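**Student:** What follows is target.cif, mmCIF, C-alpha atoms; chains and numbers go by the auth columns.
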data_query
#
loop_
_atom_site.group_PDB
_atom_site.id
_atom_site.type_symbol
_atom_site.label_atom_id
_atom_site.label_comp_id
_atom_site.label_asym_id
_atom_site.label_seq_id
_atom_site.Cartn_x
_atom_site.Cartn_y
_atom_site.Cartn_z
_atom_site.B_iso_or_equiv
_atom_site.auth_seq_id
_atom_site.auth_asym_id
ATOM 1 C CA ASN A 1 123.415 28.658 95.088 0.00 162 A
ATOM 2 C CA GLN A 2 126.913 27.701 96.331 0.00 163 A
ATOM 3 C CA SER A 3 127.161 24.365 94.574 0.00 164 A
ATOM 4 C CA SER A 4 130.259 24.786 92.396 0.00 165 A
ATOM 5 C CA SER A 5 133.689 25.863 93.637 0.00 166 A
ATOM 6 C CA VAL A 6 133.471 29.601 92.944 0.00 167 A
ATOM 7 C CA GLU A 7 130.428 31.500 94.168 0.00 168 A
ATOM 8 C CA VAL A 8 128.653 34.843 94.174 0.00 169 A
ATOM 9 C CA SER A 9 128.228 37.415 96.931 0.00 170 A
ATOM 10 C CA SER A 10 124.509 37.408 97.728 0.00 171 A
ATOM 11 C CA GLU A 11 121.331 35.922 96.307 0.00 172 A
ATOM 12 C CA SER A 12 120.315 39.426 95.206 0.00 173 A
ATOM 13 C CA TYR A 13 123.311 39.809 92.894 0.00 174 A
ATOM 14 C CA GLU A 14 122.147 37.383 90.174 0.00 175 A
ATOM 15 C CA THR A 15 118.606 38.778 89.970 0.00 176 A
ATOM 16 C CA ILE A 16 117.486 41.021 87.123 0.00 177 A
ATOM 17 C CA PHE A 17 115.351 43.957 88.252 0.00 178 A
ATOM 18 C CA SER A 18 112.971 45.249 85.591 0.00 179 A
ATOM 19 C CA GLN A 19 111.446 48.706 85.612 0.00 180 A
ATOM 20 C CA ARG A 20 108.457 47.605 83.526 0.00 181 A
ATOM 21 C CA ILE A 21 105.234 48.474 85.331 0.00 182 A
ATOM 22 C CA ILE A 22 102.016 46.500 84.844 0.00 183 A
ATOM 23 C CA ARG A 23 98.441 47.256 85.863 0.00 184 A
ATOM 24 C CA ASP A 24 95.371 45.062 86.236 0.00 185 A
ATOM 25 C CA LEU A 25 92.054 45.563 84.454 0.00 186 A
ATOM 26 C CA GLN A 26 90.124 48.685 85.449 0.00 187 A
ATOM 27 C CA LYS A 27 86.403 49.376 85.288 0.00 188 A
ATOM 28 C CA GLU A 28 85.150 51.338 82.305 0.00 189 A
ATOM 29 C CA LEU A 29 83.418 54.703 82.661 0.00 190 A
ATOM 30 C CA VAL A 30 80.052 55.358 80.998 0.00 191 A
ATOM 31 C CA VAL A 31 77.927 57.990 82.752 0.00 192 A
ATOM 32 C CA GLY A 32 80.759 60.433 83.403 0.00 193 A
ATOM 33 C CA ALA A 33 80.897 62.003 79.949 0.00 194 A
ATOM 34 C CA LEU A 34 77.789 61.107 77.959 0.00 195 A
ATOM 35 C CA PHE A 35 75.555 64.050 78.894 0.00 196 A
ATOM 36 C CA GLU A 36 75.650 67.413 77.165 0.00 197 A
ATOM 37 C CA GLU A 37 77.605 70.156 78.918 0.00 198 A
ATOM 38 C CA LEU A 38 76.173 73.531 79.923 0.00 199 A
ATOM 39 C CA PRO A 39 78.713 76.324 80.539 0.00 200 A
ATOM 40 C CA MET A 40 77.845 78.767 83.315 0.00 201 A
ATOM 41 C CA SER A 41 79.410 82.139 84.134 0.00 202 A
ATOM 42 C CA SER A 42 77.577 82.938 87.375 0.00 203 A
ATOM 43 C CA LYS A 43 76.270 81.259 90.496 0.00 204 A
ATOM 44 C CA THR B 1 89.161 84.189 97.172 0.00 256 B
ATOM 45 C CA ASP B 2 89.539 83.205 93.533 0.00 257 B
ATOM 46 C CA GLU B 3 85.978 81.876 93.341 0.00 258 B
ATOM 47 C CA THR B 4 83.932 84.906 94.374 0.00 259 B
ATOM 48 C CA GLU B 5 85.561 86.632 91.410 0.00 260 B
ATOM 49 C CA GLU B 6 83.868 84.186 89.044 0.00 261 B
ATOM 50 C CA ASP B 7 80.789 83.814 91.280 0.00 262 B
ATOM 51 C CA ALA B 8 79.500 87.273 90.334 0.00 263 B
ATOM 52 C CA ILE B 9 78.685 89.274 87.231 0.00 264 B
ATOM 53 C CA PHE B 10 80.997 92.237 87.858 0.00 265 B
ATOM 54 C CA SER B 11 84.460 92.495 89.380 0.00 266 B
ATOM 55 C CA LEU B 12 85.132 93.206 93.054 0.00 267 B
ATOM 56 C CA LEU B 13 88.872 93.918 93.134 0.00 268 B
ATOM 57 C CA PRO B 14 89.020 97.716 92.626 0.00 269 B
ATOM 58 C CA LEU B 15 86.495 98.150 95.414 0.00 270 B
ATOM 59 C CA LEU B 16 88.725 96.076 97.692 0.00 271 B
ATOM 60 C CA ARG B 17 91.852 98.104 96.977 0.00 272 B
ATOM 61 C CA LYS B 18 90.110 101.465 97.296 0.00 273 B
ATOM 62 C CA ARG B 19 88.574 100.380 100.601 0.00 274 B
ATOM 63 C CA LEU B 20 92.035 99.409 101.842 0.00 275 B
ATOM 64 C CA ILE B 21 93.597 102.773 101.022 0.00 276 B
ATOM 65 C CA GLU B 22 90.716 104.878 102.322 0.00 277 B
ATOM 66 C CA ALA B 23 90.576 102.888 105.566 0.00 278 B
ATOM 67 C CA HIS B 24 94.288 103.516 106.010 0.00 279 B
ATOM 68 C CA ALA B 25 93.842 107.268 105.549 0.00 280 B
ATOM 69 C CA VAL B 26 90.861 107.386 107.906 0.00 281 B
ATOM 70 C CA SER B 27 92.767 105.586 110.646 0.00 282 B
ATOM 71 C CA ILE B 28 95.858 107.774 110.373 0.00 283 B
ATOM 72 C CA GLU B 29 93.841 110.998 110.486 0.00 284 B
ATOM 73 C CA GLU B 30 91.747 109.775 113.416 0.00 285 B
ATOM 74 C CA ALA B 31 94.898 108.836 115.323 0.00 286 B
ATOM 75 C CA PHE B 32 96.445 112.241 114.660 0.00 287 B
ATOM 76 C CA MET B 33 93.248 113.837 115.964 0.00 288 B
ATOM 77 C CA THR B 34 92.913 112.003 119.249 0.00 289 B
ATOM 78 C CA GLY B 35 95.264 109.037 119.394 0.00 290 B
ATOM 79 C CA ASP B 36 96.551 108.066 122.814 0.00 291 B
ATOM 80 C CA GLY B 37 100.170 107.174 123.573 0.00 292 B
ATOM 81 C CA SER B 38 99.910 103.360 123.748 0.00 293 B
ATOM 82 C CA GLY B 39 101.654 102.245 120.580 0.00 294 B
ATOM 83 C CA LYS B 40 100.022 105.042 118.570 0.00 295 B
ATOM 84 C CA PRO B 41 100.917 108.716 118.139 0.00 296 B
ATOM 85 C CA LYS B 42 99.667 111.021 120.859 0.00 297 B
ATOM 86 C CA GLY B 43 96.768 112.965 119.405 0.00 298 B
ATOM 87 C CA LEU B 44 96.618 116.736 119.275 0.00 299 B
ATOM 88 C CA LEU B 45 93.789 116.862 121.798 0.00 300 B
ATOM 89 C CA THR B 46 95.707 114.537 124.113 0.00 301 B
ATOM 90 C CA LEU B 47 98.768 116.776 123.847 0.00 302 B
ATOM 91 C CA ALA B 48 96.664 119.817 124.699 0.00 303 B
ATOM 92 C CA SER B 49 95.039 118.086 127.665 0.00 304 B
ATOM 93 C CA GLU B 50 98.302 116.768 129.106 0.00 305 B
ATOM 94 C CA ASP B 51 99.952 120.195 128.742 0.00 306 B
#
Show me, as structure tokens, the structure contained in the file I just sent.
**Tutor:**
Amino acid sequence: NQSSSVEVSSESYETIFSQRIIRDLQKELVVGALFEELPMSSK
Amino acid sequence: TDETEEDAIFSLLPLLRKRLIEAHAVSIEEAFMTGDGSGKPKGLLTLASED
């Protein structure tokens, strides 16, 4: 900035850092878990 | 491995342990019989021959 008389140390010392985390849209899943499951206890 | 245990109808652990112990006993008795001197006890027959 450095326009007024007094100043600040560095341009990173007036920034607010947020820890909020955002994610874009993700594809939906359909075939993964629509079929019936068959337990097996052997080869 | 922890998958051959499931990939079978009956267990296979007691067989493993018993094979371990019996192999150990077989090897020690064989070595006492006719073991040489290279890193293993000198066998009775070897003692008799070298005396």
**Student:** Can you pull out every residue within 12 Å of residue A:204, counting all atoms listed in the file, but drop anything in the same chain fewer than 6 positions away, and send it as a list in words?
**Tutor:** residues 258, 259, 260, 261, 262, 263 and 264 of chain B
**Student:** Given all atoms listed in the file as the basis, pick out the residue of A:191, A:182, A:201, A:177 nearest to chain B.
**Tutor:**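 Selected residue with least distance to chain B: A:201.
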**Student:** Enter the distance from atom CA of residue B:306 to atom CA of residue B:281, in Å, rounded to one decimal.
**Tutor:** 26.1 Å
**Student:** Work out how far apart atom CA of residue B:275 and atom CA of residue B:256 are and give it in Å to one decimal.
**Tutor:** 16.2 Å
**Student:** Within 12 Å of residue B:303, counting all atoms listed in the file, which residues show up once you throw out same-chain ones fewer than 3 positions away? Write them as a PyMOL selection string, please.
**Tutor:** chain B and resi 288-289+291+297-300+306
**Student:** How many Å separate atom CA of residue B:294 from atom CA of residue B:276?
**Tutor:** 21.2 Å
**Student:** Just checking: using only C-alpha atoms, which residue out of B:286, B:296, B:273, B:266 ends up closest to chain A?
**Tutor:**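 Comparing B:286, B:296, B:273, B:266 against chain A, the winner is B:266.
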